[PDB]
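S.K.: Please see the structure below; I have some questions.
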Amino acid sequence: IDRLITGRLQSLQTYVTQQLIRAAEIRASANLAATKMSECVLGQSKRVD
Amino acid sequence: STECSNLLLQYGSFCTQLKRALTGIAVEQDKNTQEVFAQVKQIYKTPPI
């Protein structure tokens, strides 16, 4: 049971680390979408592309 | 080593998901270079003067 708990805890820690990095990746795009909603929809943008 | 490979078969899918993560990073590098540089739609060449 020591071996099984160590293996399952390592797998769950790997899952949580991957979820944290993907959460940061999603949050960056969420901030970009908030900026695009605040500038493109609520006004006229002079920024090229 | 065949005995090591038979022992590593019992340890799960860490040995494959590390390859999956590194393949994702390797795809993302080419995506980054394409996004940064491949912005123009046509290859404009300079006049000879």
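Just so you know, the protein sequences line up as chains A and B, in that order.
Just so we're aligned, residue 993 is where the first sequence starts under the entry's author numbering, counting upward by one.
Just so we're aligned, residue 746 is where the second sequence starts under the entry's author numbering, counting upward by one.
Idealized CB from N, CA, C, for every residue including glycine.
Ends of the alpha helix (DSSP H) at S1003 (chain A)?
M.R.: As a working mapping, residue 1003 (chain A) is identified with position 11 in the first sequence. Its alpha helix (DSSP H) spans residues 994-1028.
S.K.: Taking the straight line between their C-alpha atoms, what separation do you get for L752 (chain B) and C760 (chain B)?
M.R.: Locating residue 752 (chain B) in the second sequence gives position 7, where the first residue counts as 1. Locating residue 760 (chain B) in the second sequence gives position 15, where the first residue counts as 1. Looking at the two C-alpha atoms, the distance is approximately 12 Å.
S.K.: List, in chain order, every chain A residue whose beta-carbon is nearer than 9 Å to that of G769 (chain B).
M.R.: As a position in the second sequence, residue 769 (chain B) is number 24, starting the count at 1. Within chain A, no residue comes near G769 (chain B); the closest Cβ sits about 11 Å away, beyond 9 Å.
S.K.: Tell me whether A783 (chain B) sits in a helix, a strand or coil according to DSSP, three-state version.
M.R.: Stepping through the second sequence from its first residue, residue 783 (chain B) is reached at position 38. The answer is coil: DSSP assigns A783 (chain B) none of H, G, I, E or B.
S.K.: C1032 (chain A) lies in the alpha helix (DSSP H); which residues open and close that run?
M.R.: Mapped onto the first sequence, residue 1032 (chain A) falls at position 40. First-last for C1032 (chain A): undefined, no H or E at that position.
S.K.: Would you call the region 755-769 of chain B and the region 996-1012 of chain A touching, i.e. three or more CB-CB distances under 8 Å?
M.R.: Yes, the region 755-769 of chain B is in contact with the region 996-1012 of chain A.
S.K.: Under 8 Å between beta-carbons, which chain A residues line up against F782 (chain B)? List them in chain order, please.
M.R.: The sequence position of residue 782 (chain B) within the second sequence is 37, counting from 1. Within chain A, no residue comes near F782 (chain B); the closest Cβ sits about 14 Å away, beyond 8 Å.
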